[PDB]
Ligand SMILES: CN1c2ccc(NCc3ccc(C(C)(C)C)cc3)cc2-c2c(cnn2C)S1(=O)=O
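As a starting point, one isolated chain is supplied in structure tokens, in the form deposited without the ligand.
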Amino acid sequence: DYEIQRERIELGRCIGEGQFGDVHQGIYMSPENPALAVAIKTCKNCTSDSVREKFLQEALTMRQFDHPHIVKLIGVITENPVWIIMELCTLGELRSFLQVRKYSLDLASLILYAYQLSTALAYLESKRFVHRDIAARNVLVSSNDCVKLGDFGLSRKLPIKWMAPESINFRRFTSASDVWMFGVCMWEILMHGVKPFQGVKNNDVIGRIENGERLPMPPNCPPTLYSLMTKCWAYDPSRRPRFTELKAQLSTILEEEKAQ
């Protein structure tokens, strides 16, 4: 079931570049089922068994997950050319989607994306996985009302601007450090896909965080949501909320916005 027959894949257009090679969209002709839209990850140098093992590492990890807000692994093809087949999020990368729609996406949609991501991250935690790379660039858009976490490369250069202090200083990665990163991801969503700490050197960010400085309140962000983000950024990991508490509080914030 993990191994897929290449004859059941129809390769389509290139939709981006990955670490190991181009990614294309295509179709998976599932046995006795409707054809699924898929993302096919290619690997340029996978003729090397050493490169193949590194490329396939992420697919081995994805096989154990099953959640509505996490991209699904369909299968892999281990003969040359080696391919990784994922469920396709039709609308693409969340940052680009937010940047284009800055003056048209309503606030309830932005809060909904944060809520959905909190459910995927509570699920990740429940499986003893620590993501270590929560950022809007790793979120994909399945539809206008559905986002999914799509990159597990660092799961179970360093993204310093998203990292908790204990991860930068001591290489500690826990579900509480993922909560810090999720706070930064929520800020990126509320900022319509703007990167945190733009124009600031990585070492200047470290000194700013240690000194108590934090990302500012996004314009039009509900105060309760910004307070929630600042709690994700408590220096002491014990003072951060848990993903289950984030999910409950995001649901309340979403319903308060929907009731206008």
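We call the rigid core whatever largest set of C-alpha positions still superposes within 1.5 Å between the two forms. Residue indices: 1-based, along the sequence shown.
Although it is not shown, the form solved in complex with the ligand is what the next lines describe.
The site on the displayed chain is blocked: the ligand, placed by C-alpha superposition from its pose in the bound PDB entry, has three or more atoms within 2.4 Å of backbone or C-beta atoms. Listed residues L112, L73, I77, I168 were compared with the ligand in the bound PDB entry; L73 is the one with a heavy atom within 4.5 Å. Screening 215-223, 230-238, 65-73, 202-210 for residues having heavy atoms within 4.5 Å of the ligand in the bound PDB entry returns a single hit, 65-73. Contact between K161 and the ligand in the bound PDB entry is not found at the 4.5 Å heavy atom cutoff.
Residue contact check for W187: none of its heavy atoms lie within 4.5 Å of the ligand in the bound PDB entry. Although the partner is absent from this view, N138 contacts the ligand in the bound PDB entry, with a non-hydrogen atom inside 4.5 angstroms. The closest non-hydrogen atom of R52 lies beyond 4.5 Å of the ligand in the bound PDB entry. Along 178-193, these residues reach a heavy atom to within 4.5 Å of the ligand in the bound PDB entry: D178, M181, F182, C185. With the core held fixed by superposition, the comparison between this form and the one not shown singles out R132 as the only member of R132, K148, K72, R95 whose CA moves by at least 2 angstroms. When the rigid core is held fixed, the Cα atom of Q19 travels 2 angstroms or more between this form and the one not shown.
The pair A136 and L73 is tighter in the bound PDB entry: their Cα-Cα distance falls by no less than 3 Å compared with this form. Legend note: Cα of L121 to Cα of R137 is at least 3 Å closer in the bound PDB entry than in the depicted form.
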